[PDB]
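Visitor: Next up is a structure, given as structure tokens.
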Amino acid sequence: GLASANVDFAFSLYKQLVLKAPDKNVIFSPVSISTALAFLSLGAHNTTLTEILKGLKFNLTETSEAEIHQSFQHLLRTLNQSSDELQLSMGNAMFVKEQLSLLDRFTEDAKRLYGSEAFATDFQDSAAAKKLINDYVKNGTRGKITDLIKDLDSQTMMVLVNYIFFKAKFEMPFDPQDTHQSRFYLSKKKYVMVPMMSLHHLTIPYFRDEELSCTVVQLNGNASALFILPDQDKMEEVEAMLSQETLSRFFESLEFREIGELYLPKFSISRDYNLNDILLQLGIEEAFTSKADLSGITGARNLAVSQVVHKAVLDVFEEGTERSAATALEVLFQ
Amino acid sequence: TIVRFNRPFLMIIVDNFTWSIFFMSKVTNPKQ
């Protein structure tokens, strides 16, 4: 039940991000965004609460509020790991106007379930408050995300923040001696030269989906990294088929196969987003208006969401990959 | 068999147990 919600949320959000600019790179963390919103919901009541949880695609008849928060608590613990193969980190925090009174139930729940502390913050010194928050994100992401917060209202009351960091080695690394400039076809007729890594005689999980005109492979812990390569001019068709059903068939249909040659670009890309429009489209609306009920935070309906921002970065290189993302939910007084 | 990522592609990082999607990307231009 939680799995159907997670995939539905991730793919719904993905399509919404694409719709704003269908030819741009997309990079995002579904779990960073959902964790931040689930954290907020700890303090929400009535329609504000139900809209948030339904917007994350949970069905409250199969899954209770307590089970949802328990799933995020468990997820948070699975995303803090270290090995010679992997470095994973995820953290949550709240930055709160120093004199604002918070309910003990909320700060207790926030620490226990989301691992969040509360940082007293002087938002009226906007430059200083932005530095405090951006430094927290920089620290958590190992310097990969440093300007999550660009503009910040001097009348902000709190900012809830999530970050995620993921660094992994390839099981079979590329030799940099075999990286060479090669064409990358943005379209059939538009192409640039990029550094193209290559490996030969590889045995990896593989599925050729003739029906969807794509090839799926897995390079590489307990997370599966799926690469989906549409045939030329078939990306839009593949995007149209993305769903839980399609992802399941991909995983079910993979089989180990010796691949003669594999070519993968070496690259780094970044995107940032304001998610208000998308969250409203997902039905999370009362949280942004004066009808907002975040009285589980303070004991009064005196807060409402103003801005939701997300930034994410992806780096792919011969030895492996590095991924990072962060989400901030900015909250004003009412 | 040759697998050549010289055209737009997707990457998805999936939690094996819960199917939480930790990260997702579409690479349409790696020179951005």
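The chains in the structure tokens are called A, B, ... from first to last as shown; in each chain the residues are counted from 1, and the ligands are counted from 1 in the order shown.
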Quick one: everything within 12 Å of segment 15-21 of chain B, counting only C-alpha atoms, minus sequence neighbours fewer than 6 positions away in the same chain. Send it as a PyMOL selection string.

Guide: chain A and resi 1-14+28-35+56+71-72+74-76+78-79+221-226+244+247-248+251

Visitor: Could you go through segment 59-141 of chain A and tell me which residues DSSP, when run on the backbone, assigns to strand (DSSP E or B), listing them as an mmCIF file with C-alpha atoms, in the first residue's frame?

Guide:
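Output file part.cif is given in full below:
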data_model
loop_
_atom_site.group_PDB
_atom_site.id
_atom_site.type_symbol
_atom_site.label_atom_id
_atom_site.label_comp_id
_atom_site.auth_asym_id
_atom_site.auth_seq_id
_atom_site.Cartn_x
_atom_site.Cartn_y
_atom_site.Cartn_z
ATOM 1 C CA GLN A 81 24.435 4.300 5.922
ATOM 2 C CA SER A 82 28.182 4.108 5.275
ATOM 3 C CA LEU A 86 28.143 3.651 -0.291
ATOM 4 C CA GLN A 87 27.579 6.877 1.609
ATOM 5 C CA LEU A 88 23.928 7.737 2.245
ATOM 6 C CA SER A 89 22.618 10.520 4.483
ATOM 7 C CA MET A 90 19.221 12.103 5.082
ATOM 8 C CA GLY A 91 18.297 14.753 7.620
ATOM 9 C CA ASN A 92 15.427 16.992 8.625
ATOM 10 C CA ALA A 93 15.454 20.269 10.543
ATOM 11 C CA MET A 94 13.189 23.136 11.558
ATOM 12 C CA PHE A 95 14.433 26.730 11.700
ATOM 13 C CA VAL A 96 12.054 28.672 13.932
ATOM 14 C CA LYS A 97 11.680 32.294 14.990
ATOM 15 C CA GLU A 117 15.841 19.451 15.938
ATOM 16 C CA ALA A 118 14.635 22.998 16.226
ATOM 17 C CA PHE A 119 17.122 25.839 15.532
ATOM 18 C CA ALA A 120 16.301 29.296 16.898
ATOM 19 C CA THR A 121 16.571 31.684 13.944
#

Visitor: For residue 153 of chain A, work out the shell of residues within 12 Å, counting only C-alpha atoms and skipping chain neighbours fewer than 2 positions away, then give it as a compact mmCIF listing (two decimals) with N, CA and C atoms, in the first residue's frame.

Guide:
# COMPACT_ATOMS: atom_id res chain seq x y z
N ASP A 122 16.79 34.09 13.65
CA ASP A 122 16.32 35.47 13.51
C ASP A 122 16.09 35.75 12.03
N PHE A 123 14.87 35.48 11.57
CA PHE A 123 14.52 35.70 10.17
C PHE A 123 14.52 37.17 9.77
N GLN A 124 14.41 38.10 10.73
CA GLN A 124 14.45 39.52 10.39
C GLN A 124 15.83 39.96 9.93
N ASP A 125 16.87 39.22 10.29
CA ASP A 125 18.19 39.37 9.68
C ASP A 125 18.25 38.34 8.55
N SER A 126 17.64 38.69 7.42
CA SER A 126 17.42 37.71 6.36
C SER A 126 18.73 37.11 5.87
N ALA A 127 19.76 37.94 5.67
CA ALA A 127 21.03 37.40 5.18
C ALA A 127 21.58 36.36 6.13
N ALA A 129 19.89 34.53 8.36
CA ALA A 129 19.05 33.34 8.43
C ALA A 129 19.25 32.46 7.21
N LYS A 130 19.36 33.07 6.03
CA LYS A 130 19.64 32.30 4.83
C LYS A 130 20.97 31.57 4.93
N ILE A 149 18.20 28.25 -0.60
CA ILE A 149 17.40 29.42 -0.27
C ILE A 149 18.05 30.62 -0.91
N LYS A 150 17.37 31.20 -1.90
CA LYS A 150 17.79 32.44 -2.52
C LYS A 150 17.11 33.64 -1.87
N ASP A 151 15.79 33.72 -1.95
CA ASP A 151 15.03 34.79 -1.32
C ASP A 151 14.31 34.23 -0.10
N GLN A 155 9.72 38.21 7.33
CA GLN A 155 8.65 37.88 8.27
C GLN A 155 8.40 36.38 8.36
N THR A 156 9.30 35.56 7.83
CA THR A 156 9.17 34.12 7.97
C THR A 156 9.14 33.72 9.44
N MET A 157 8.30 32.73 9.75
CA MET A 157 8.20 32.16 11.09
C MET A 157 8.96 30.86 11.24
N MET A 158 8.97 30.02 10.21
CA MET A 158 9.73 28.78 10.27
C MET A 158 10.00 28.28 8.86
N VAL A 159 11.05 27.48 8.76
CA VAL A 159 11.41 26.77 7.54
C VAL A 159 11.70 25.34 7.94
N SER A 306 4.14 29.43 2.68
CA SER A 306 4.35 30.46 1.66
C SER A 306 5.07 29.94 0.43
N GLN A 307 6.15 29.19 0.60
CA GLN A 307 6.94 28.73 -0.53
C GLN A 307 7.49 27.34 -0.27
N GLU A 330 8.78 27.00 3.50
CA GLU A 330 8.82 28.29 4.18
C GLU A 330 7.42 28.63 4.66
N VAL A 331 7.32 29.11 5.90
CA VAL A 331 6.05 29.27 6.59
C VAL A 331 5.96 30.69 7.15
N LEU A 332 4.83 31.36 6.92
CA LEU A 332 4.57 32.71 7.40
C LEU A 332 3.51 32.70 8.50
N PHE A 333 3.40 33.82 9.21
CA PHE A 333 2.42 33.96 10.27
C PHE A 333 1.07 34.32 9.69

Visitor: Rounded to one decimal, what separation in Å do you get between atom CA of residue 193 of chain A and atom CA of residue 9 of chain B?

Guide: 16.3 Å

Visitor: Can you measure atom CA of residue 201 of chain A to atom CA of residue 318 of chain A for me? One decimal in Å is fine.

Guide: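 We find that atom CA of residue 201 of chain A and atom CA of residue 318 of chain A lie 16.2 Å from each other.
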
Visitor: Check the smallest atom-to-atom distance from each of A:315, A:135, A:23, A:85 to chain B using only C-alpha atoms, then report the winner.

Guide: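 Of A:315, A:135, A:23, A:85, the one nearest chain B, counting only C-alpha atoms, is A:23.
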